[PDB]
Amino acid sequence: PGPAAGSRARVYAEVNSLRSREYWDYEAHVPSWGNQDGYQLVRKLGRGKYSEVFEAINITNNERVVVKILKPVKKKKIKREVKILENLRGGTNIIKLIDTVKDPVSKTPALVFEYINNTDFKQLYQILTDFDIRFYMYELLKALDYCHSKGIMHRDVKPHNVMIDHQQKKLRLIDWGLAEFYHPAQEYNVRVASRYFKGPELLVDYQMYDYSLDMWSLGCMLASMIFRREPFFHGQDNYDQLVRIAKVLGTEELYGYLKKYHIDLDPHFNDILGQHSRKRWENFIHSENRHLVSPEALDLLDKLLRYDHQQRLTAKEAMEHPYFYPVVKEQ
């Protein structure tokens, strides 16, 4: 049984307390809403229920940008995303927020981002080499270590939210609409991230999580790339999602996790979790993915995909792993 006061982040815990209230009090942020008519929408790029994203042209200087039209959400959530993007501007592999505009007629707010010649991850993951996976995971870890060091949890890390220009070897972490400031001992909403990338803490309703949530999501991405099984944990709902995790990580460490953090498990799980062994990571190797798997890759994966969020590697610890030695050597 751990501290009755709850979990605390192992790194970057005091970041926001060392900065002024204006840094993290996003409700007090006052954005400068410009005129969206300065941008000509060209073509829809995708996305879903929170926004619609368009390729666009800055009419004044003809520069190619991306416009994200914010579907009706609470103004508070809009201030949070804008403030976080402003705090993170210039960050390593963070998407650059260019402008904050509103449609002159509808007054619907929109965010303007830099354009990156992205390759769909469904297509990119089929052609990634062993070195490519290490390179892009390393660049993604730079983005996560940066935002974590700025006191921010992304909380929606997934392949859809990682833009990659495979020709120029450029990576940008996008979609900061679910990001939040980390404050020690704060309890957070667990309805974040995509189902396939939700950490165990979200699935068992443990609200006192921290940056390590993003590290679970990253481990899910690493597993899907080196094993060519995307997504790796392919649950049908939130209950089945934890079952599919428990069938790989085993149930003993799951119940040990619940006991350590005094988590009251939803009684529905007791009829579906069962008892499962902790599987060996080598069991997912086959002839089609063997060239992407190495002992260093399995060791890193094993140290990211842990129930205990406190035992997961931090972003900086993961960056120092021998799995990235070829990337570090290439400067």
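So that there is no doubt, residue numbering starts at 1 and follows the sequence shown.
In this entry, 255-263 shows the higher mean Cα temperature factor of the pair 255-263 and 214-222.
Of the two segments, 102-110 and 149-157, the one listed with the higher mean B-factor is 102-110 (C-alpha atoms only). The top Cα temperature factor in the record, among 291, 64, 68, 306, falls on 291.
Between the residues 45, 300, 272, 42, it is 272 that shows the highest Cα B-factor in the PDB record. When the CA B factors of the chain's modelled residues are split into thirds, the value for residue 129 lands in the highest one. Residue 234: CA B factor lies in the middle third for its chain, per the PDB record.
Ranked by Cα temperature factor within the chain, residue 312 sits in the lowest third according to the deposited record.
Residue 205 sits in the middle third of its chain by CA B factor, as recorded in the PDB entry. Remark: residue 72 belongs to the highest third of its chain, ranked by C-alpha B-factor as recorded.
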